[PDB]
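*Asks:* Here is the sequence, then the experimental structure:
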12 protein chains.
Amino acid sequence: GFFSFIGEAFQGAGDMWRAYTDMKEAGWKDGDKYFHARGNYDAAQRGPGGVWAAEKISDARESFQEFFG
Amino acid sequence: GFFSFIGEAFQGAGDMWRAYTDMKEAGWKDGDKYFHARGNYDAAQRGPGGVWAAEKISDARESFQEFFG
Amino acid sequence: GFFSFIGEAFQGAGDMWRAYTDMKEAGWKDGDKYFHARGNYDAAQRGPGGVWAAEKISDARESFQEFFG
Amino acid sequence: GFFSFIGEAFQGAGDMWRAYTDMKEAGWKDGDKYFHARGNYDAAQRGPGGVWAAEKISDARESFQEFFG
Amino acid sequence: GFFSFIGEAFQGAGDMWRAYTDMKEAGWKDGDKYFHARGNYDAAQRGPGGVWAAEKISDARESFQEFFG
Amino acid sequence: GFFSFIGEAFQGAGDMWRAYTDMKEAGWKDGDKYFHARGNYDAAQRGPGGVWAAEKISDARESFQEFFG
Amino acid sequence: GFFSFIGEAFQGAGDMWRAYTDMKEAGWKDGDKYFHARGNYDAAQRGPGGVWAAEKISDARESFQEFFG
Amino acid sequence: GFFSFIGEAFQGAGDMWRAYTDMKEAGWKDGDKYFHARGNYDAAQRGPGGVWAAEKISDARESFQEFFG
Amino acid sequence: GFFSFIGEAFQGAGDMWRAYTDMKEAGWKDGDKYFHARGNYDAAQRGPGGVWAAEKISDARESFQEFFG
Amino acid sequence: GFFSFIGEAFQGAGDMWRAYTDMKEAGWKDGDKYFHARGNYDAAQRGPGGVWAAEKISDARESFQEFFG
Amino acid sequence: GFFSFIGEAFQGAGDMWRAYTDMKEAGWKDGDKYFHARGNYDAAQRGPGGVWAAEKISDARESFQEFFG
Amino acid sequence: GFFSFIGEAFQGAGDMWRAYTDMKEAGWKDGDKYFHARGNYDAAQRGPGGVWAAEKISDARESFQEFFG
């Protein structure tokens, strides 16, 4: 299939964005995650804009444009 | 299939955005997650805009535009 | 199928946005999640705009536009 | 399949962006992750713009443009 | 398949961006990761722009352009 | 398959960007990673621009251009 | 402009289907035409079907079809 | 401009299908035409079908088909 | 400009299909044409089919097909 | 410009298919044409099919096909 | 310019398919043409098929095919 | 310019397929042409197929094919 992972402007302990496929007779274990933040300024911020998730985009003409200032 | 994960401007302990597919005779275990925040300013913020989730977008013309100022 | 996950401006302990598909003879366990916040300012905020969830968008013309100021 | 991982502007303990495929008779274990931040300024920030996730983009003409200022 | 990993502007303890494929009778173990930051300024920042994830882009004409200022 | 790893502007303890393929009867172990930063200025920063991840790009004409200032 | 002349199954003396355009300070003369027919069988016949005269035909789909027997 | 002349299955004395364009200070003369037919069988006949005259045909899909028997 | 002349299955005395363009200070004369036919069988006949006159045909897909029997 | 002359299956006395272009201070004269036919069988016949006159045909895919039997 | 003359299956007295271009201070004269046919069988016949007159054909794919039987 | 003359399967008295270009202070005269045919069988015949007249054909792929039987 199509697997896509996009992530921007973020903070995490871990175990993120994974894609396990077609496994047979498997087994695993994952730990505990801790996230501690104290007294931080301006964290995990993203600017203006749009998100588009599309399986098929066909015959677009003069489309999907963005004009910032 | 089509799997898409998009995430911006966020903070988490963990175990996020995953896609397990086509598994047979499998087994797993995941931990406990802790998220602690104290006295932070301006966290996890996202700017203006739109979100579009589409399986098929066909023949768009002069569409999906954004004009910021 | 089509699986799409979009998330912005948020804070969580964990175990979010997942998509398990086509599994046979499987078993798993997930932990306990704790979220503690004390004295934070301006958290998890998102700016202006719209959300569109569509399976099929066909023949749009001069549509889906956004004008900020 | 198609696996794509894109990540920008972020801070994490670990175990991120992975893609396990076609495994048989396997087993593994992953640790615990800790993320500690105290008194940081301007962290994990991303600028303006858009995200597009597409399986197929066909016959685009004068599309997908961005104009910053 | 196609595996692509792109990452810019980030700080992590480790165990990131990996792609395990076609394994039989294997086993492994991974450690614990710690991320500690205190009193840093301007970390993990990315500038303006867009992200495009596409399996197939066909017959684009005068498309995918970016104009900064 | 096609494996591509691109990474710019970042700091990590280790164990990153790897691609294990076609292994049979193998086993390994990986350590613990520590990342400590205190009082640094301007770290892990990337400039303006776009990211494109594509399996096939066919017949592009006057496309994929970037104009900085 | 667009000038199109289509003629099928016909008999004439002459001076037909002409298109004079953009003339300045011109002059001409044309003769007399005689058409004489006596005792002919099966002349100037056209079979089944349709005529379409269009300046612009846009986005036709599964249209303009003809099924004879 | 676009000048197109199509003629099939016909009999004429002459002076047909002409296109005079952009003439200045010109002059001409044309004769007399005679058409005489006596006792002919099966003349100037055209088979089944359609005629389409179009300045622009855009984005036709599974259109303009003909099925004879 | 575009001048196209197509003619099939026909009989004429003469002076047909001509295209005079961009003439200055010119002059000419043309004769008389005679067409005489007596006792002919099966003359000037064309088979089944269609005629299309188009200035621009753009992006046709599975169109303009003909199936005879 | 583009001048194209296509003619098949026909009988004529003469002075046909000509294209005079860009003439200055010229002059000419043309004769009389005679066409006489008596007792001929099966003359000037064309088989099945289509005619297409186009200035521009762009991006046709699985189009303009003909299937005879 | 582009001048193309294609003619098949035909009988004529003369003065056909000519292209006079860029002439200055010229003059000429042409004769009379006679065409006489008596008692001929099967003359000037063309088989099945299509005619395409195009100034530009761009990016055709699996198009312009003919299948006879 | 481009001058092309193609002629097959035909019978004529003369003065055909000529291309006079770039002449200054010239003059000429041409005779009378006679075409006489009596009692001929199977003359001027052409087999199945297509005609294509194109100024530019760009990027054709698996196109312009003919399959006879």
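*Replies:* Thanks, I have it. Residues are numbered from 1 along each chain as shown, chains lettered A, B, ... in the order given.
*Asks:* quick one: contacts for the closest residue to chain G within chain A?
*Replies:* With CB to the nearest CB as the measure, residue A:59 is the residue of chain A nearest to chain G, at 10.2 Å. To be clear about C-beta, it is placed using only N, CA and C from the backbone, and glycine gets the same treatment. Neighbouring residues of residue A:59 by CB atoms under 8 Å, 6 or more residues apart in numbering or on different chains: B:58, B:59, B:60, D:58, D:59, D:60, H:59, I:59.
*Asks:* what does residue A:39 give?
*Replies:* Residue A:39 neighbours (CB under 8 Å, 6+ apart): B:38, B:39, B:40, D:38, D:39.
*Asks:* Between the two ends of stretch A:59-69, how far is it?
*Replies:* End-to-end distance of stretch A:59-69: 28 Å, with CA to CA, to the nearest Å as the criterion.
*Asks:* still on that earlier bit, which of the contacts of residue A:39 fall within strands?
*Replies:* Residues of these located in strands (DSSP state E): B:38, D:38.
*Asks:* what does chain A put close to chain I?
*Replies:* residue A:59 (CB under 8 Å from any CB of the partner chain).
*Asks:* which residue ranges form the strands in chain A?
*Replies:* Using DSSP E, strands in chain A cover A:2-18, A:24-29, A:33-38, A:41-46, A:51-58, A:65-67.
*Asks:* The fourth one vs chain C: in contact?
*Replies:* Yep, that's strand A:41-46 we're talking about. Yes - using CB under 8 Å from any CB, we find that strand A:41-46 touches chain C at residue A:46.
*Asks:* That strand near chain E at all?
*Replies:* No - Strand A:41-46 stays clear of chain E (CB under 8 Å from any CB), getting no nearer than 9.6 Å.
*Asks:* Okay, now the sheet partners of that strand, with direction.
*Replies:* strand B:41-46 (parallel), strand D:41-46 (parallel) (DSSP bridges).
*Asks:* ok, and what's touching the first one?
*Replies:* For strand B:41-46, the surrounding residues in contact (CB under 8 Å, 6+ apart) are A:9, A:37, A:40-46, B:8-11, B:37, C:8-11, C:40-47.
*Asks:* Can you mark which positions in that strand are buried?
*Replies:* B:42, B:43, B:44, B:45, B:46 (16 or more other CB atoms under 10 Å in any protein chain shown).
*Asks:* Over to stretch A:55-69?
*Replies:* The neighbour-count check on stretch A:55-69 (16+ other CB under 10 Å) flags A:55-68 as buried.
*Asks:* Can you give me the end-to-end span of it?
*Replies:* First-to-last residue span, stretch A:55-69, CA to CA: 30 Å.
*Asks:* Is residue A:21 bridged to anything, and to what?
*Replies:* Beta-bridge partners of residue A:21, as defined by DSSP bridges: residue B:21, residue D:21.
*Asks:* ugh, wrong one, I meant residue A:12
*Replies:* residue B:12, residue D:12.
*Asks:* Can you tell me how far it is from residue D:11?
*Replies:* Distance of residue A:12 to residue D:11, given as CB to CB, to the nearest Å: 8 Å.
*Asks:* who's more crowded, those two?
*Replies:* Using other CB atoms under 10 Å in any protein chain shown as the criterion, residue A:12 and residue D:11 rank with residue A:12 on top: 35 against 30.
*Asks:* Isn't residue A:69 up against residue B:68?
*Replies:* Yes - the pair residue A:69 / residue B:68 is scored as a contact, 5.7 Å apart, by CB atoms under 8 Å.
*Asks:* what does chain A put close to chain E?
*Replies:* Residues of chain A lying close to chain E (CB under 8 Å from any CB) are A:2, A:4, A:6, A:8, A:9, A:13, A:14, A:31, A:47, A:68.
*Asks:* ok, now with 7 Å
*Replies:* A:2, A:4, A:6, A:8, A:14, A:31 (CB under 7 Å from any CB of the partner chain).
*Asks:* what about stretch A:13-23, start to end distance?
*Replies:* Criterion CA to CA; first-to-last residue distance in stretch A:13-23 is 26 Å.
*Asks:* Looking at chain A, which residue is nearest chain I?
*Replies:* residue A:59 (7.6 Å).
*Asks:* And that residue, how far from residue I:64?
*Replies:* Here residue A:59 is placed at a distance of 19 Å from residue I:64 (CB to CB).
*Asks:* next one: residue A:10
*Replies:* Distance, residue A:10 to residue I:64, by CB to CB: 53 Å.
*Asks:* do residue A:28 as well
*Replies:* From residue A:28 over to residue I:64 (counting by CB to CB), the distance is 57 Å.
*Asks:* who's sitting farthest from the centroid in chain A?
*Replies:* Relative to the centre of chain A, the most outlying C-alpha is that of residue A:25, 28.9 Å out, by CA atoms, centre = their mean.
*Asks:* quick one: contacts for residue A:21?
*Replies:* Applying CB atoms under 7 Å, 6 or more residues apart in numbering or on different chains, we find residue A:21 in contact with B:21, B:22, D:21.
*Asks:* Go again with 10 Å.
*Replies:* Residue A:21 makes contact with A:1, A:3, B:3, B:19-23, C:21-22, D:1, D:3, D:19-23, E:1, E:21 under the criterion CB atoms under 10 Å, 6 or more residues apart in numbering or on different chains.
*Asks:* try residue A:22
*Replies:* For residue A:22, the contact set (CB under 10 Å, 6+ apart) comprises B:21-24, C:22, D:1, D:20-24, E:21-22.
*Asks:* which of the residues you listed lies closest to residue G:51?
*Replies:* Distance to residue G:51, by CB to CB, is smallest for residue D:1 among those, at 51.9 Å.
*Asks:* Would you mind measuring from the closest one to residue H:27?
*Replies:* 75 Å.
*Asks:* Residue A:69 now?
*Replies:* 64 Å.
*Asks:* do the same with residue A:55
*Replies:* 67 Å.
*Asks:* now swap in residue A:26 and tell me
*Replies:* Taking CB to CB, one finds residue A:26 at 93 Å from residue H:27.
*Asks:* So if I had to pick from the two, which one is more boxed in?
*Replies:* The residue with more neighbours, out of residue A:26 and residue H:27, is residue A:26; 22 against 16, by other CB under 10 Å.
*Asks:* If that one is in a bridge, with which residues?
*Replies:* residue B:26, residue D:26.
*Asks:* That one contacts residue D:28, correct?
*Replies:* Yes - using CB atoms under 10 Å, residue A:26 makes contact with residue D:28 at a distance of 8.5 Å.
*Asks:* Tell me the residues that contact both of the two, please.
*Replies:* With CB under 10 Å, 6+ apart as the test, residue A:26 and residue D:28 both reach B:28, D:20, E:26.
*Asks:* what's around the first one, how many residues?
*Replies:* Just to be clear, that refers to residue B:28. 19.
*Asks:* residue contacts, residue A:17?
*Replies:* Residue A:17 touches A:3, A:5-7, B:5, B:7, B:16-19, C:17, D:5-7, D:12, D:15-19, E:16-17, counting by CB under 10 Å, 6+ apart.
*Asks:* Just list whatever residues bridge to residue A:65.
*Replies:* residue B:65, residue D:65.
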